[PDB]
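Written out below as structure tokens is the structure these notes cover.
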Amino acid sequence: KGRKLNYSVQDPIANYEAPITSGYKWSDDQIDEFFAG
Amino acid sequence: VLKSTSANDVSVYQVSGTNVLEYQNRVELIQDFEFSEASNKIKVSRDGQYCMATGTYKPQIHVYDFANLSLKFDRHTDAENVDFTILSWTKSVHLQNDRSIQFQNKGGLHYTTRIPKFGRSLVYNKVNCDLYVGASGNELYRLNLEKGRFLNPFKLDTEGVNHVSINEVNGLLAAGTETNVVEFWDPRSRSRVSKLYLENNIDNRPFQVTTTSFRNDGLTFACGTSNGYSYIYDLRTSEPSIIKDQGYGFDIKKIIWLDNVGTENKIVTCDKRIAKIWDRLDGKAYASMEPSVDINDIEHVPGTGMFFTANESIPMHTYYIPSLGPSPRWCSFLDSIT
Amino acid sequence: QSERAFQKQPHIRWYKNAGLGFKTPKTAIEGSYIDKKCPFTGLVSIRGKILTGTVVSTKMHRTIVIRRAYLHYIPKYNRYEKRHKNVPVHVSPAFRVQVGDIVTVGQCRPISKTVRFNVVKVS
Amino acid sequence: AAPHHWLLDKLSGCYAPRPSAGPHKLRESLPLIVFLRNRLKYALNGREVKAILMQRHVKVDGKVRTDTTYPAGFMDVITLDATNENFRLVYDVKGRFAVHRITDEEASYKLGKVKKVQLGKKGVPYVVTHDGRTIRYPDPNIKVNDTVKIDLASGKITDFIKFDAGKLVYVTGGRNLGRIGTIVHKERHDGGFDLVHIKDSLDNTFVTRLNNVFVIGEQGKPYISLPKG
Amino acid sequence: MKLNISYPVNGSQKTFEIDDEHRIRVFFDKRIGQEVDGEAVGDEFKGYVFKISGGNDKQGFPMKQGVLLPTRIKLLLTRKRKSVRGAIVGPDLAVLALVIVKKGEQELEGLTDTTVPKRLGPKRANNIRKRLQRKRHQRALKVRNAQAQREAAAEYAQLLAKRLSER
Amino acid sequence: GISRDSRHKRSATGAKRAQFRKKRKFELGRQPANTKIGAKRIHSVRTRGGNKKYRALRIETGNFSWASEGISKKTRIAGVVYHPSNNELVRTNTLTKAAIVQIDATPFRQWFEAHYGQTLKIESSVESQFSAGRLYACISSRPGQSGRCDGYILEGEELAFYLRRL
RNA sequence: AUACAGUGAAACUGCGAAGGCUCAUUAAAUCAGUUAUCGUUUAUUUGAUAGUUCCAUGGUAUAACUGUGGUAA
RNA sequence: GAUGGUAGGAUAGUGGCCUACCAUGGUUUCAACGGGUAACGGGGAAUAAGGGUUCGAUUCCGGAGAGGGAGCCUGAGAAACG
């Protein structure tokens, strides 16, 4: 289990991308009233 | 004028087939489209050019510029690939047959990391930026591109998963397992929401679901199998489905929608030898795309009616449908030759 | 005597002789032991030089860690500081070597990263 | 830039002649330019030793072999047509190449240490020597380090000298390089310092290797003639 | 535009500087190999048909037969990135090459009525139409090589047999 | 592949401060060509002068050997069920050396009926495959180096030697 | 010397150049000798080393070359 | 991959060189592993000179580089000064 699942932090991917604020065009209330069931 | 195969009252064309006066009336679209005797996986980027085709022996990356009709480069990667995605333009992430993951850049090979078990599929999340990678066993991992950490891997069932996909407009994480359960996780909560089971009427042997897909309405889900049987799903009475046996039926690998061009409610299914296309709400075949060799997978270019396969021969086939749509702006005399 | 897959067998029960003053025990000529890298039946051939010494540890299987103290005529501080050496070595079906046990080995065909020697004698 | 064996005077030049490839190794041979030009002095420079090589006077091992850097190693009988020059060159006692002059019935042959006997392909016994004369079919009792006698008109082995305790041996290699006397002792070890030991004027003792020694005859009767002083 | 025209069987070729581009516009958006009529490029050459065979544009860049995209693109040729104009002809060709495969209604005092001959007759025997002593010597040296080698091999194998009998 | 050198890794003593060298030509690790089933395509690569090496990727016509008589005859390939040099290799169904792959044994039926007359002394758990058609057989040849698929059939002892495993 | 016949610009060919500066500091891991490779590659050097045949000579496709041209090149 | 075992991959082949599985090993006070320079100096690396006694002949400081990293190709030999 040596090289298997190193839970470390890696240098070039720490800022490889950037997030997005709104993201999903739905609402989270639309998620809840989408899969209530 | 390129020849057309017979079909149900409809026409398709191939460019760069196994057969494709002919030398002096050549109809070659993309120069140097041939690999080392097979093809792994082809997909077209989000913008209007720069398609990427993974390699076969000494496997490469093969980015083709559509506005130059030829090859840009071929980064001979270290191992043979199975699955990758493209992250806009120049960045892309890959995983090979061994449990390693490459990050290609403009300079190429920005990093090589690993996952602890052998992986089978990769998808990227546009929202908060964590790639989900499906592998063998209890383990569906994350590599977040925010801060490069690892995340608390998603606890699966026994054997594993053949394909993972997230929904686009709302984010519903699919994971096609082996024991017919589809294991929908929530990309918000990091927990399960449902464990939907897949049924049939023939039941040859305990099939495994191999292809998962969604579209940009966020309400339906296209499901596959290891038997050649397409499935549709909705939340509306989610226990049954509509099914599609295919006339040869080995393993369907690519099921993709037509949710961004005209001639709507249509979907492409693709198993090992044939790729067909049918309509929703009836289940009747619009057309089919029978080549002269097997298919490793396919892809469909957005906005227009053309398809790009990755197969087991030396070139790759492109399939043009002059009834689904036109040929794109960089191929804007295909409608003049045929 | 079969705890692994892939047809554990001799590779053409089988028997040979390296010669050069080293016996082959009768179970190593005709016995159920496979002798994959033990040089009497083996796949390896003998060459080179033969070194002798006692052991330190035989903890893992197919690892015989020899010690080898030897005389060297030191001219610097005009006294002999005592030598010590180590070499890992694969097993043989002739002696379960315990601590002590001056044995000798012959050079052949690198088996792991650091072993070129395999046991040929116990006395 | 020279070795010790050539007997090469230091006031000669800057670049030393590398021998070309051939029968013997680089480290145990002298080429024809260092033979003819600056040892027994049939030339004055490389131009005229190439001139007499184009004229083809040299007849080493019964063939002409017109080349400047042809590596004549141990006891290749250099034969020169004018003034019937027959030269067997052996080792002296201090490491150089002593080139003895011999006659025609002695230059009609040479001898060679056998290196290995092989069942190579198609049931053919097989023998090699230091010039690599792969000659067909000796007897089965050719061990390593015995001595064949080459025909030098055809290639066949004519006589055979068995390596055992009580044979006249020549040592070419290590710190015993070029000694004769072959009897104080025999000691075959199992991988090194294994040999037959050689006497001196006071019958001193010496250690060498098996491959660094090879037999030339018997205790008093070698059919090679040897130089003296 | 300039039109290079070639009558191949007579061996004639000449360029013609044709202005007045609505005569030229018959060739537009027709790639290499597709035929054409004389009727919409001219009136004085009617019943004429020309297979186009490429052409250098202004800036001199050639077109190779049958790719796409009548602008310029950067391909990989005999392998390095060379610039090559597309096979389709548009408004910006300097010269355009043509092969006339049927004479129509007017004789041409450059193409039809004047012609050149060929170069020189053939040289090979079969090209003119459409040793044995070496065959003696080859066979003789071959059977002599057999009667030397395959007999000498057994002739020292019998010496091995003598050594084995004496051993 | 990458390499063949001890310089990138630690020895039996535990050393550090490697930072050694630009890797040479003679540390050449080529890519692992996992040979599969397809249409027969062998890449002819070069090494060490004119040392052509046959790198097989999609070989079919396996020459598999009847064991008790040693009859190497021609057949097809189905799939490897057990090969724990990589337990994902049998999930992906490749074809490497020492793998146990399944064969439609119809030419072995032809040879038995041709040199024995009747159809069916041989073991029963391989007589079941004599009847059905698919027999287990293990690859000997190296398609990644010699480009060929040769093998030996499973007959009795070696059969149960693998059937008790998986 | 009425199918070749000497000078020979420019083209194919055989080979030529067959081993040259600056910059950051490795403790038998850089180096030197030595053991071995039936554990391996090898142009050139050298010695050796080939046995399956039913009812007078095989095909177009490219040069150089001519000819028509484009481009500032 | 630390130490070894079994098999495969790649190799010019030997080789945890790389990967699956398994065992928890291995070096060390008989000096492990680590600390620096008159490591522009040293180690015979070599020629020695008929009186210079650590000046006094040379191979090599370490590896790289052909604007910068990356990928590929050629050859008996290369990760090419072309």
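Here chain F follows Swiss-Prot for its numbers: 2-121, 151-196, in order, are the residues you see.
Here the Cβ of each residue, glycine as well, is placed from N, Cα and C on the backbone.
What Swiss-Prot lists as phosphothreonine is F:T62 (among others), and the listing cites a large-scale study or a structure entry. Around F:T62 (phosphothreonine), the same-chain residues at least 6 positions away in sequence with a Cβ under 8 Å from its Cβ are F:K41, F:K75, F:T76, F:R77, F:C179.
Sequence-distant contacts of F:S66 (phosphoserine), defined as residues of its own chain at least six apart whose C-beta falls under 8 angstroms from its C-beta, comprise F:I72, F:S73, F:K74, F:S170, F:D180, F:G181, F:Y182, F:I183. In the three-state DSSP scheme, F:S66 (phosphoserine) falls into the strand class. Annotation source Swiss-Prot lists phosphoserine at F:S66 (among others), citing a large-scale study or a structure entry.
Feature annotation from Swiss-Prot assigns phosphoserine to F:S69 (among others). A sphere of 10 angstroms centred on the C-beta of F:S69 (phosphoserine) encloses 11 other C-beta atoms.
Residue density at F:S73 (phosphoserine): 14 other Cβ atoms are found within 10 A of its Cβ, drawing on all protein chains shown. Residues or ranges marked as phosphoserine in Swiss-Prot (evidence: a large-scale study or a structure entry): F:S73 (among others).
Its own atom aside, the Cβ of F:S86 (phosphoserine) has 12 Cβ atoms within 10 angstroms in the protein chains shown. In three-state terms derived from DSSP, F:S86 (phosphoserine) belongs to neither a helical nor a strand segment and is classed as coil. The annotation phosphoserine is assigned in Swiss-Prot to F:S86 (among others) on the grounds of a large-scale study or a structure entry.
Under DSSP, F:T107 (phosphothreonine) is assigned to a helix (H, G or I) in the three-state scheme. Annotated phosphothreonine per Swiss-Prot: F:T107 (among others), in sequence order.
Under the heading phosphoserine, Swiss-Prot lists F:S154 (among others), citing a large-scale study or a structure entry as support. The secondary structure of F:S154 (phosphoserine), as reduced to three states from DSSP, is helical.
If you look up Swiss-Prot, you'll see F:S155 (among others) marked as phosphoserine. Around F:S155 (phosphoserine), taking its Cβ as the centre, 13 other Cβ atoms fall within 10 Å, counting all chains.
Annotation comment: Swiss-Prot describes F:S158 (among others) as phosphoserine. All protein chains considered, the CB of F:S158 (phosphoserine) has 11 other CB atoms within 10 Å.
What Swiss-Prot lists as phosphoserine is F:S161 (among others). Sequence-distant contacts of F:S161 (phosphoserine), defined by Cβ-Cβ distance under 8 angstroms and a gap of at least six in the same chain, are F:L121. Secondary structure from DSSP puts F:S161 (phosphoserine) in a helix.
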Checklist entry - Could you state the CA-to-CA distance between F:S155 (phosphoserine) and F:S69 (phosphoserine) to the nearest Å? => result 15
Checklist entry - Which residues does F:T107 (phosphothreonine) neighbour through Cβ under 8 Å, counting only same-chain ones at least six apart? => result F:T76, F:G163
Next on the checklist: Applying a 10 Å Cβ distance cut-off over all chains shown, what neighbour count does F:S154 (phosphoserine) have?
Outcome noted: 8
